[PDB]
Protein chains: 2
Amino acid sequence: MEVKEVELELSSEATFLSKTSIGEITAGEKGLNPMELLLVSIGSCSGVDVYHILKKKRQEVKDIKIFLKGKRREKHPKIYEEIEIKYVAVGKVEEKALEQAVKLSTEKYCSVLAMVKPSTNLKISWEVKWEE
Amino acid sequence: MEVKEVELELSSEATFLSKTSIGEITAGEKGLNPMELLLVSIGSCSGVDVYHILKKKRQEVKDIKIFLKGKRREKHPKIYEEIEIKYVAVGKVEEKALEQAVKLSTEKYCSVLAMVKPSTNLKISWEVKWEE
């Protein structure tokens, strides 16, 4: 069982300097928004899967863009009642390969997404922009 | 319903420049680890609640340190089977006030934590270091 550890310390009003393996970032009221950071965690975790799978499937990737939009409940806790994720692969990428990468990620490999999936409505979409 | 949006773009091998409201950070294989970022999101979201509550309860806070440790499953998806969170309030803070702040956050206000709670075993602890 892999162990991950992070440590936070107050940096400014309701803001924390957050220590991770690659460095420290400020998260909170006067720093990176925590809920926006959750979307970043989801997007990057899944993006890593998609990148590796597309590569394994011999696709020529020039760029991968991921757009996440979350809609929050109005009462506490204000969790995301809905999260929309759109994957855009740019390059010589076949729609079938992108679809397989997105499904494998969202249904089997993405650890972050797997943890919040049971508490929100997930809407996933993707598209390829064929470019040389 | 508040809407949060973030956009990611490939920056390096399996890494993404992630655009948020305060700026851009690199998340992925060669940047901030996605699962570590999830812990940062949880810690900072809750930390914001604790800060505000302690302030409301008239506590004199010199510092707030939050330690998160996550243990991952060995098979995919490698979600955190357990997440330990330790809150340390430093200053003229009464243990009773910290306890109330931690419980209100973890049980009602923390949006990020509320979303992953149903998929993991949460172990919460706290302590005060009385300092002038």
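These values consider heavy atoms only, across backbone and side chains, with no hydrogens, waters or symmetry-generated copies. Residue numbers start from 1 in every chain, and the chains themselves are labelled A, B, ... in the order their sequence lines are given, proteins ahead of strands.
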**Q** What's the spacing between B:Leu113 CG and B:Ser105 OG if we round to 0.5 Å?
**A**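 Going from the CG atom of B:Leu113 to the OG atom of B:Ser105 covers 7.0 Å.
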**Q** Show the nearest heavy-atom pair for residues A:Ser119 and A:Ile79, with the distance to one decimal.
**A** O-CD1, 3.9 Å
**Q** The test is salt bridge (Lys or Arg N to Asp or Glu O under 4.0 Å); show your working for A:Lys19 and A:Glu5 and say whether it passes.
**A** CA-CA 9 Å; A:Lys19 181 176 185 180; A:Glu5 285 177 40; over 6 Å; no
**Q** I need the A:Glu24 CD to A:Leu8 CG distance, nearest 0.5 Å.
**A**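 Spacing of CD (A:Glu24) from CG (A:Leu8) equals 10.0 Å.
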**Q** When rounded to the nearest 0.5 angstrom, what is the spacing between OH in A:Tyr51 and OG in A:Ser44?
**A** 15.0 Å
**Q** Heavy-atom distance under 4.5 Å between the side chains of B:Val112 and B:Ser41, does that happen here?
**A** yes
**Q** Between the side chain of B:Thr26 and the main-chain N/O of B:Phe16, is any donor-acceptor distance below 3.5 Å?
**A** no
**Q** Which pairs would a plain distance check flag for residues 58-70 of chain B, meaning a side-chain donor or acceptor within less than 3.5 Å of a matching protein atom at least two apart in sequence or in another chain?
**A**
residue	atom	partner	partner atom	Å
B:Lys62	NZ	B:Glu131	OE1	2.9
B:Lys62	NZ	B:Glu132	O	2.6
B:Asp63	OD1	A:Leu10	N	3.3

**Q** How about B:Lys75: does its NZ atom have over 12 heavy atoms from other parts shown lying under 6.0 Å from it?
**A** no
**Q** Hey, does A:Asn121 have a side-chain heavy atom less than 4.5 Å from the side chain of A:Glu81?
**A** no
**Q** Please give me the minimum heavy-atom distance between B:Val48 and A:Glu29, naming the atom from each residue.
**A**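 Distance-wise, the nearest heavy atoms are CG2-N, 4.1 Å.
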**Q** Please report the interatomic distance CG(B:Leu38) to CG(A:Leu38), rounded to the nearest 0.5 Å.
**A** 6.5 Å
**Q** What's in the same ILVMFWY side-chain cluster as A:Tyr109, cut-off under 4.5 Å, chained through other members?
**A** A:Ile53, A:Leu104
**Q** Between A:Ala27 and A:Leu37, what is the shortest heavy-atom contact and its length?
**A**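 Heavy atoms only, the tightest pair is CB-CD1, 3.8 Å.
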**Q** Please say yes or no: joined through hydrophobic side-chain contacts below 4.5 Å, possibly via intermediate residues, are A:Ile22 and B:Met35 part of one cluster?
**A**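 Same hydrophobic cluster.
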**Q** What are the two closest non-hydrogen atoms of A:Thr15 and A:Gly31, and how far apart are they?
**A**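 That closest heavy-atom pairing would be CG2-N, 3.8 Å.
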**Q** Calculate, to the nearest 0.5 Å, the distance between atoms CE and NZ belonging to B:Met1 and A:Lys71 respectively.
**A**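 Rounded to the nearest 0.5 Å, the CE-NZ separation comes out at 8.0 Å.
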**Q** With respect to B:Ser111, which candidate in A:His76, A:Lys78, A:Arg72 satisfies the side chain to side chain donor-acceptor pair (under 3.5 Å) definition?
**A** A:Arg72
**Q** Determine, using the 4.5 Å side-chain heavy-atom cutoff (strictly less than), whether B:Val116 and B:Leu122 are members of one ILVMFWY cluster.
**A** yes
**Q** Where do A:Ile42 and A:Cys110 come nearest, in terms of heavy atoms and distance?
**A**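 What the structure gives for the nearest pair is O-SG, 4.1 Å.
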**Q** A:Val90 and A:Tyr87: same hydrophobic cluster, using ILVMFWY side-chain contacts below 4.5 Å?
**A**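 No.
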**Q** Tell me whether B:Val128 shares a hydrophobic cluster with B:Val88, the cluster being built from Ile, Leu, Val, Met, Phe, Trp, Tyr side chains joined at under 4.5 Å.
**A** no
**Q** Is there a chain of hydrophobic side chains (I, L, V, M, F, W, Y, each step under 4.5 Å between heavy atoms) that links A:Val3 to A:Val6?
**A** no
**Q** To the nearest 0.5 Å, what is the distance between OG1 (A:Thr20) and CG (B:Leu39)?
**A**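 Interatomic distance, A:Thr20 OG1 to B:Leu39 CG, rounded to 0.5 Å: 10.5 Å.
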**Q** Go through it in stages, so that I can follow the logic: the residues are B:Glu82 and B:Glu84, the test is side-chain contact (heavy atoms from CB on, under 4.5 Å), and I'd like the CA-CA distance, side-chain angles, deciding distance and then a yes or no.
**A** CA-CA 7 Å; B:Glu82 166 186 321; B:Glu84 292 185 60; 3.0 Å; yes
**Q** Are side-chain heavy atoms of A:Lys92 and A:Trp130 found at a separation under 4.5 Å?
**A** yes
**Q** Before you tell me yes or no, could you show the steps for A:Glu2 and A:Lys4 under salt bridge (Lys or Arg N to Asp or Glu O under 4.0 Å), namely the whole-Å CA-CA distance, both residues' side-chain angles and the distance that decides it to 0.1 Å?
**A** CA-CA 7 Å; A:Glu2 173 179 37; A:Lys4 294 294 194 193; 2.9 Å; yes
**Q** Between A:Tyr80 and A:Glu36, which heavy-atom pair has the shortest distance, and what is it?
**A** OH-N, 4.0 Å
